[PDB]
Each structure stands twice: as structure tokens, then as C-alpha cells.
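Beneath this line is the structure, given in C-alpha cells, with notes to follow.
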Amino acid sequence: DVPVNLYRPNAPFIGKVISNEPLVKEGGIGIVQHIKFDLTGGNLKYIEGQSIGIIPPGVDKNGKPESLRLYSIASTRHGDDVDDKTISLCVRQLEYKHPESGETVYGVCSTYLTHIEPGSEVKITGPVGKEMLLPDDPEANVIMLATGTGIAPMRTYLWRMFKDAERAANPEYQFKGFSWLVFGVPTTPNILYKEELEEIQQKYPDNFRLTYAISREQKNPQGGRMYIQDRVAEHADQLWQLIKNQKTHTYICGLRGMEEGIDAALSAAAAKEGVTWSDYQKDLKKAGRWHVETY
Ligand SMILES: Cc1cc2nc3c(=O)[nH]c(=O)nc-3n(C[C@H](O)[C@H](O)[C@H](O)COP(=O)(O)OP(=O)(O)OC[C@H]3O[C@@H](n4cnc5c(N)ncnc54)[C@H](O)[C@@H]3O)c2cc1C
């Protein structure tokens with residue numbers, strides 16, 4: 001039921017860019033684009049939680065073809081327009097430092113993707129991934145811990161759960177459980193999909209909770225910048241009590257390093273009832289209830 005590797009690097013699907021919109025509002029840090037591709041002309045099917053590969057043009061410094069980079073799929077299986085003809089991605093442009101040869105280095109595939117024009121053809125492989133899939137259980141609780149572009153798999157879940165058009169299109173999945181997104185970003189204009197997430201929380205105040213950790217605008221109790229691990233420690237007892245429910249699934253997505261502060265918070269909460277979190281967590285992974293994709 002999970003499509004995997006319908007297209008591979010040796011014979012990719014050639015899709016076309018339909019649109020390339022900016023997500024970072026003025027006053028925000030960096031460039032993050034929402035890119036939609038046209039899938040008509042092939043048979044790329046995918047579901048929520050998966051990723052595709054993009055093969056950028058050109059050669060590296062040794063003269064070899066650039067290889068694929070993976071990107072979380074940011075649309076549901078139906079695409080943003082709910083017509084089963086497109087796929088979307090949420091791509092941050094990577095750029096960095098001086099002590100790494102020269103001046104500013106720009107990431108190859110991410111610079112290529114964030115500046116790509118409508119009508120352009122893109123080499124697409126996949127889909128791949130079975131680690132971030134959503135259960136078809138409409139009464140599941142879903143905890144979502146995202147930073148930056150890790151919002152991408154979370155958006156596919158929430159849209160499937162809460163978009164009017166999705167609910168009419170998926171008669172077998174009418175979500176009636178509870179979901180909680182904790183979303184860590186640097187500024188308020190860096191809240192990707194802010195307007196759509198907050199509209200969801202207004203229509204479903206009992207089925208969706210939205211918490212932000214905004215580091216240039218909020219301080220944690222210790223006077224430092226507010227990061228997602230600070231918000232998780234604030235609500236550690238609550239999150240622990242939801243995680244004990246047999247129905248609860250936890251998703252963690254974002255840049256590497258966020259995992260250690262989430263564990264230390266849930267560790268202190270579990271200990272209060274004589275549970276060693278690192279052992280409870282192994283059982284959760286085994287059961288398919290603890291989902292992690294960091295990079
Ligand atoms: C499963 C998965 C899902 C992903 N999903 C997404 C997504 O939804 N959105 C998204 O934007 N990205 C996503 N990424 C990351 C993405 O695949 C690419 O790694 C990223 O876009 C950068 O690729 P590039 O081609 O731009 O950079 P490259 O040109 O390959 O540059 C990256 C290389 O430069 C170096 N480098 C990077 N950062 C620094 C730094 N701060 N200091 C020093 N050196 C550094 C490292 O050697 C790194 O290998 C995902 C990755 C994985 C594995």
C-alpha cells in the first residue's frame with residue numbers, strides 16, 4: 001500500500017514546476033520556498049510522511065554529476081489543489097560561512113530549487129520512506145515537534161486531518177483525535193504556513209493545539225532564547241501523559257540536534273513515575289509509534 005521507488009536515479013521522472021512561492025515574510029531570516037510540480041505524464045504516487053529526491057544539474061568540483069538530495073513531501077497524496085496531479089516541497093536555501101573556503105557558500109540543490117522558474121523541468125525520484133507515515137486510525141493522538149522545514153511532513157498530516165477539501169476526498173479518514181504542533185522558528189515572519197495553521201486551530205480548537213517557540217522574540221525561563229526544547233520542557237508532564245496513551249504517535253522532524261533536548265525533558269517527566277524514558281522510547285520505536293527524521 002506504500003508506494004516506494006516508483007522512479008529511481010537512473011531513469012527519473014521529469015516533472016515541471018507549476019509555482020514557486022516564498023514562505024518567509026518580510027523581516028524574516030533566510031529564504032524558504034513552496035514549490036509545486038506537475039506530475040501529469042507519469043505515475044508518481046505517494047502518501048503522507050514520505051520524501052522524494054531531486055537531481056540538480058551540473059557537476060561537483062571533481063567533474064562528477066551531482067547526486068540526488070532528499071526533500072520531505074509537503075503536500076498530501078492529493079496535492080495542494082486536491083486533484084491528484086501535483087506534489088509540493090518546502091525548501092530552505094542553504095548558505096554559510098567564511099572559514100569554509102572563500103566567503104559565502106550556497107547549497108547546490110537548494111539554491112537551484114528556490115530560484116527555479118515555472119515551466120522548468122526537474123528530475124524527480126521516489127517516493128521513499130516508511131518511517132514517518134500516519135496511521136489510518138482517526139482516533140489517534142498525534143504529537144508533532146518541528147523546526148524550520150521539518151514543518152513539511154507535519155503539513156501533510158494536518159491538511160489531511162483538517163482541510164475541508166481533504167475531508168470530502170477521504171471518506172475513510174475523518175480525524176477526531178487530538179493533535180499538537182510545537183513549531184520552532186526564529187521569527188514570526190519565519191512561521192511557515194502561519195495563516196493556514198492558525199485557521200485550522202480556530203476551526204478545530206478541541207482537536208488541534210498550536211504552540212510556537214520563537215527565539216528572537218521569546219526568552220525561556222533562564223533568560224536565553226526560546227527554542228523548541230524549551231517549550232517541550234515547559235509541557236513535559238502533559239506530553240508524557242499523552243504519550244502513555246496506546247493511540248499516541250509522536251513525530252519529530254527538523255535539523256539534527258533537536259532530539260537530545262526533547263529526551264531530557266521527557267526523561268525528567270517519566271522518572272516521576274519510575275519509568276526510564278530511554279527504555280520506554282525503544283518500545284515505542286519497536287511499536288511504530290515514535291517517528292524521527294532529522295537532518
Ligand atoms: C529525509 C530528508 C528530508 C529532507 N527534507 C528537507 C526539506 O523538506 N526541506 C529542506 O530545505 N531540506 C530538506 N532536507 C535537506 C536537503 O536534502 C539538503 O541536504 C539541503 O537542502 C542542502 O542541500 P544543498 O544541495 O542545498 O547543499 P550541499 O550543496 O550538499 O551543501 C551541503 C554540504 O555543505 C556542508 N554544510 C552545510 N551546512 C553547513 C554549515 N552550517 N557549516 C558548514 N558546512 C555546512 C556539508 O558538507 C553538507 O554536506 C532533507 C534531508 C533529508 C535527509
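Labels for the C-alpha cells follow display order: chains A, B, ..., residues from 1 in each chain, ligands from 1.
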Counting only C-alpha atoms and all ligand atoms, which residues of chain A fall within 6 Å of ligand 1, and what is the closest atom pair for each with its distance in Å at one decimal, ordered by chain and rising number, as JSON lines?
```
{"residue": "A:69", "atom": "CA", "partner": "ligand 1", "partner_atom_place_in_ligand_line": "17 (O)", "distance": 4.4}
{"residue": "A:70", "atom": "CA", "partner": "ligand 1", "partner_atom_place_in_ligand_line": "17 (O)", "distance": 4.2}
{"residue": "A:71", "atom": "CA", "partner": "ligand 1", "partner_atom_place_in_ligand_line": "5 (N)", "distance": 3.6}
{"residue": "A:72", "atom": "CA", "partner": "ligand 1", "partner_atom_place_in_ligand_line": "8 (O)", "distance": 4.1}
{"residue": "A:90", "atom": "CA", "partner": "ligand 1", "partner_atom_place_in_ligand_line": "8 (O)", "distance": 5.1}
{"residue": "A:91", "atom": "CA", "partner": "ligand 1", "partner_atom_place_in_ligand_line": "11 (O)", "distance": 3.6}
{"residue": "A:92", "atom": "CA", "partner": "ligand 1", "partner_atom_place_in_ligand_line": "11 (O)", "distance": 3.8}
{"residue": "A:94", "atom": "CA", "partner": "ligand 1", "partner_atom_place_in_ligand_line": "26 (O)", "distance": 5.2}
{"residue": "A:96", "atom": "CA", "partner": "ligand 1", "partner_atom_place_in_ligand_line": "41 (N)", "distance": 5.4}
{"residue": "A:107", "atom": "CA", "partner": "ligand 1", "partner_atom_place_in_ligand_line": "26 (O)", "distance": 3.3}
{"residue": "A:108", "atom": "CA", "partner": "ligand 1", "partner_atom_place_in_ligand_line": "25 (O)", "distance": 4.0}
{"residue": "A:109", "atom": "CA", "partner": "ligand 1", "partner_atom_place_in_ligand_line": "25 (O)", "distance": 3.5}
{"residue": "A:110", "atom": "CA", "partner": "ligand 1", "partner_atom_place_in_ligand_line": "26 (O)", "distance": 3.6}
{"residue": "A:111", "atom": "CA", "partner": "ligand 1", "partner_atom_place_in_ligand_line": "26 (O)", "distance": 5.9}
{"residue": "A:149", "atom": "CA", "partner": "ligand 1", "partner_atom_place_in_ligand_line": "9 (N)", "distance": 4.8}
{"residue": "A:152", "atom": "CA", "partner": "ligand 1", "partner_atom_place_in_ligand_line": "8 (O)", "distance": 5.6}
{"residue": "A:295", "atom": "CA", "partner": "ligand 1", "partner_atom_place_in_ligand_line": "51 (C)", "distance": 5.2}
```
If you keep N, CA, C and O atoms, can you produce a file of those selected residues as a PDB file, in the first residue's frame?
```
ATOM      1  N   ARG A  69      19.405  14.970  -3.792  1.00  0.00           N
ATOM      2  CA  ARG A  69      19.155  15.367  -2.416  1.00  0.00           C
ATOM      3  C   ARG A  69      17.702  15.029  -2.099  1.00  0.00           C
ATOM      4  O   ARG A  69      16.834  15.191  -2.950  1.00  0.00           O
ATOM      5  N   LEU A  70      17.439  14.546  -0.884  1.00  0.00           N
ATOM      6  CA  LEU A  70      16.076  14.213  -0.463  1.00  0.00           C
ATOM      7  C   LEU A  70      15.342  15.403   0.131  1.00  0.00           C
ATOM      8  O   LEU A  70      15.944  16.230   0.818  1.00  0.00           O
ATOM      9  N   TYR A  71      14.039  15.473  -0.131  1.00  0.00           N
ATOM     10  CA  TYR A  71      13.180  16.521   0.417  1.00  0.00           C
ATOM     11  C   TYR A  71      11.868  15.901   0.874  1.00  0.00           C
ATOM     12  O   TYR A  71      11.263  15.129   0.138  1.00  0.00           O
ATOM     13  N   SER A  72      11.454  16.204   2.100  1.00  0.00           N
ATOM     14  CA  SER A  72      10.148  15.775   2.606  1.00  0.00           C
ATOM     15  C   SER A  72       9.054  16.293   1.694  1.00  0.00           C
ATOM     16  O   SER A  72       9.049  17.465   1.333  1.00  0.00           O
ATOM     17  N   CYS A  90       8.952  22.018   0.414  1.00  0.00           N
ATOM     18  CA  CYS A  90       9.221  23.178   1.251  1.00  0.00           C
ATOM     19  C   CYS A  90      10.732  23.247   1.434  1.00  0.00           C
ATOM     20  O   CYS A  90      11.310  22.413   2.121  1.00  0.00           O
ATOM     21  N   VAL A  91      11.378  24.164   0.720  1.00  0.00           N
ATOM     22  CA  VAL A  91      12.835  24.144   0.572  1.00  0.00           C
ATOM     23  C   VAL A  91      13.482  25.419   1.103  1.00  0.00           C
ATOM     24  O   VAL A  91      13.189  26.512   0.636  1.00  0.00           O
ATOM     25  N   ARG A  92      14.384  25.263   2.067  1.00  0.00           N
ATOM     26  CA  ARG A  92      15.192  26.369   2.558  1.00  0.00           C
ATOM     27  C   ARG A  92      16.475  26.459   1.742  1.00  0.00           C
ATOM     28  O   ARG A  92      17.120  25.447   1.483  1.00  0.00           O
ATOM     29  N   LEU A  94      20.217  26.859   1.562  1.00  0.00           N
ATOM     30  CA  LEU A  94      21.360  26.716   2.450  1.00  0.00           C
ATOM     31  C   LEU A  94      22.471  27.677   2.030  1.00  0.00           C
ATOM     32  O   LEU A  94      22.788  27.796   0.844  1.00  0.00           O
ATOM     33  N   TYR A  96      26.288  29.514   3.944  1.00  0.00           N
ATOM     34  CA  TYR A  96      27.117  29.551   5.145  1.00  0.00           C
ATOM     35  C   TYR A  96      28.458  30.296   5.069  1.00  0.00           C
ATOM     36  O   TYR A  96      28.639  31.188   4.238  1.00  0.00           O
ATOM     37  N   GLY A 107      24.271  26.364  -1.122  1.00  0.00           N
ATOM     38  CA  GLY A 107      23.958  24.971  -1.379  1.00  0.00           C
ATOM     39  C   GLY A 107      23.487  24.766  -2.804  1.00  0.00           C
ATOM     40  O   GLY A 107      22.709  25.563  -3.311  1.00  0.00           O
ATOM     41  N   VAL A 108      23.933  23.686  -3.437  1.00  0.00           N
ATOM     42  CA  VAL A 108      23.670  23.469  -4.856  1.00  0.00           C
ATOM     43  C   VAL A 108      22.200  23.192  -5.163  1.00  0.00           C
ATOM     44  O   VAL A 108      21.581  23.910  -5.955  1.00  0.00           O
ATOM     45  N   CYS A 109      21.653  22.122  -4.588  1.00  0.00           N
ATOM     46  CA  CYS A 109      20.289  21.730  -4.917  1.00  0.00           C
ATOM     47  C   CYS A 109      19.255  22.695  -4.352  1.00  0.00           C
ATOM     48  O   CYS A 109      18.242  22.958  -4.989  1.00  0.00           O
ATOM     49  N   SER A 110      19.532  23.249  -3.175  1.00  0.00           N
ATOM     50  CA  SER A 110      18.594  24.147  -2.521  1.00  0.00           C
ATOM     51  C   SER A 110      18.584  25.549  -3.131  1.00  0.00           C
ATOM     52  O   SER A 110      17.548  26.201  -3.150  1.00  0.00           O
ATOM     53  N   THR A 111      19.722  25.996  -3.658  1.00  0.00           N
ATOM     54  CA  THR A 111      19.775  27.258  -4.407  1.00  0.00           C
ATOM     55  C   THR A 111      19.074  27.083  -5.753  1.00  0.00           C
ATOM     56  O   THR A 111      18.314  27.941  -6.198  1.00  0.00           O
ATOM     57  N   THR A 149      12.076  23.608   8.241  1.00  0.00           N
ATOM     58  CA  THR A 149      11.464  22.884   7.128  1.00  0.00           C
ATOM     59  C   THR A 149      10.938  21.512   7.541  1.00  0.00           C
ATOM     60  O   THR A 149      10.321  20.814   6.740  1.00  0.00           O
ATOM     61  N   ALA A 152       7.295  20.329   7.099  1.00  0.00           N
ATOM     62  CA  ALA A 152       6.822  19.740   5.840  1.00  0.00           C
ATOM     63  C   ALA A 152       6.005  18.451   5.965  1.00  0.00           C
ATOM     64  O   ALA A 152       4.891  18.384   5.447  1.00  0.00           O
ATOM     65  N   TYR A 295      17.961  16.031  10.040  1.00  0.00           N
ATOM     66  CA  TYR A 295      18.985  16.198   9.017  1.00  0.00           C
ATOM     67  C   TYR A 295      19.735  17.510   9.213  1.00  0.00           C
ATOM     68  O   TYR A 295      20.626  17.806   8.418  1.00  0.00           O
TER      69      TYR A 295
END
```
Closest pair table for segment 33-85 of chain A residues within 12 Å of segment 6-15 of chain A, only C-alpha atoms, as JSON lines:
```
{"residue": "A:35", "atom": "CA", "partner": "A:15", "partner_atom": "CA", "distance": 11.9}
{"residue": "A:36", "atom": "CA", "partner": "A:15", "partner_atom": "CA", "distance": 9.9}
{"residue": "A:37", "atom": "CA", "partner": "A:15", "partner_atom": "CA", "distance": 6.1}
{"residue": "A:38", "atom": "CA", "partner": "A:15", "partner_atom": "CA", "distance": 5.6}
{"residue": "A:39", "atom": "CA", "partner": "A:15", "partner_atom": "CA", "distance": 5.8}
{"residue": "A:40", "atom": "CA", "partner": "A:15", "partner_atom": "CA", "distance": 7.8}
{"residue": "A:41", "atom": "CA", "partner": "A:15", "partner_atom": "CA", "distance": 8.1}
{"residue": "A:42", "atom": "CA", "partner": "A:13", "partner_atom": "CA", "distance": 6.9}
{"residue": "A:43", "atom": "CA", "partner": "A:6", "partner_atom": "CA", "distance": 7.7}
{"residue": "A:44", "atom": "CA", "partner": "A:6", "partner_atom": "CA", "distance": 6.4}
{"residue": "A:45", "atom": "CA", "partner": "A:6", "partner_atom": "CA", "distance": 7.8}
{"residue": "A:46", "atom": "CA", "partner": "A:6", "partner_atom": "CA", "distance": 9.2}
{"residue": "A:52", "atom": "CA", "partner": "A:7", "partner_atom": "CA", "distance": 9.4}
{"residue": "A:53", "atom": "CA", "partner": "A:9", "partner_atom": "CA", "distance": 8.4}
{"residue": "A:54", "atom": "CA", "partner": "A:9", "partner_atom": "CA", "distance": 9.0}
{"residue": "A:55", "atom": "CA", "partner": "A:9", "partner_atom": "CA", "distance": 7.8}
{"residue": "A:56", "atom": "CA", "partner": "A:9", "partner_atom": "CA", "distance": 11.4}
{"residue": "A:65", "atom": "CA", "partner": "A:9", "partner_atom": "CA", "distance": 11.5}
{"residue": "A:66", "atom": "CA", "partner": "A:9", "partner_atom": "CA", "distance": 11.1}
{"residue": "A:67", "atom": "CA", "partner": "A:9", "partner_atom": "CA", "distance": 8.4}
{"residue": "A:68", "atom": "CA", "partner": "A:9", "partner_atom": "CA", "distance": 7.6}
{"residue": "A:69", "atom": "CA", "partner": "A:9", "partner_atom": "CA", "distance": 10.8}
{"residue": "A:70", "atom": "CA", "partner": "A:9", "partner_atom": "CA", "distance": 11.8}
{"residue": "A:85", "atom": "CA", "partner": "A:15", "partner_atom": "CA", "distance": 10.8}
```
Would you mind exporting C-alpha atoms of the selected residues as an mmCIF file, in the first residue's frame?
```cif
data_model
loop_
_atom_site.group_PDB
_atom_site.id
_atom_site.type_symbol
_atom_site.label_atom_id
_atom_site.label_comp_id
_atom_site.auth_asym_id
_atom_site.auth_seq_id
_atom_site.Cartn_x
_atom_site.Cartn_y
_atom_site.Cartn_z
ATOM 1 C CA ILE A 35 7.424 24.678 -4.865
ATOM 2 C CA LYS A 36 4.693 22.735 -6.683
ATOM 3 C CA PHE A 37 5.457 20.323 -9.510
ATOM 4 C CA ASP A 38 3.215 18.886 -12.193
ATOM 5 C CA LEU A 39 3.041 15.093 -12.065
ATOM 6 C CA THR A 40 0.908 14.527 -15.185
ATOM 7 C CA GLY A 41 2.751 12.407 -17.718
ATOM 8 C CA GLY A 42 3.954 9.840 -15.192
ATOM 9 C CA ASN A 43 2.751 7.572 -12.402
ATOM 10 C CA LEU A 44 4.366 9.016 -9.282
ATOM 11 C CA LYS A 45 2.041 8.187 -6.432
ATOM 12 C CA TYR A 46 2.948 8.976 -2.831
ATOM 13 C CA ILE A 52 11.253 12.416 -2.989
ATOM 14 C CA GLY A 53 14.681 13.005 -4.500
ATOM 15 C CA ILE A 54 15.753 15.883 -6.733
ATOM 16 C CA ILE A 55 18.779 15.575 -9.004
ATOM 17 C CA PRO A 56 20.289 19.053 -9.515
ATOM 18 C CA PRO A 65 27.353 14.541 -11.846
ATOM 19 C CA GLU A 66 25.636 15.973 -8.792
ATOM 20 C CA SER A 67 23.694 13.282 -6.964
ATOM 21 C CA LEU A 68 20.185 13.494 -5.537
ATOM 22 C CA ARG A 69 19.155 15.367 -2.416
ATOM 23 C CA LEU A 70 16.076 14.213 -0.463
ATOM 24 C CA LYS A 85 -1.886 15.795 -10.268
#
```
Neighbour list for residue 203 of chain A as number ranges by chain, cut-off 9 Å, only C-alpha atoms, skip fewer than 5 positions in-chain: A: 162, 198, 208
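Proximity to residue 254 of chain A was assessed for A:147, A:188, A:19, A:88 counting only C-alpha atoms; the smallest distance is recorded for A:147.
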Residue contacts of segment 232-243 of chain A (8 Å, only C-alpha atoms) excluding same-chain residues fewer than 6 positions away, as an MDAnalysis selection string: chainID A and resid 141 182 249:250 262 265:266 269:270
Nearest residue to residue 148 of chain A from the set A:221, A:30, A:261, A:118 (distances using only C-alpha atoms): A:30
Which residue of A:105, A:165, A:82, A:47 approaches residue 136 of chain A most closely, using only C-alpha atoms: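 For residue 136 of chain A, the nearest of the candidates is A:47.
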Expected answer as a ChimeraX atom specification: helix (DSSP H, G or I) residues in segment 92-248 of chain A: /A:108-114,148-162,164-169,188-190,194-203,228-234,236-243
Given only C-alpha atoms as the counted atoms, nearest of A:277, A:193, A:204, A:251 to residue 155 of chain A: A:193
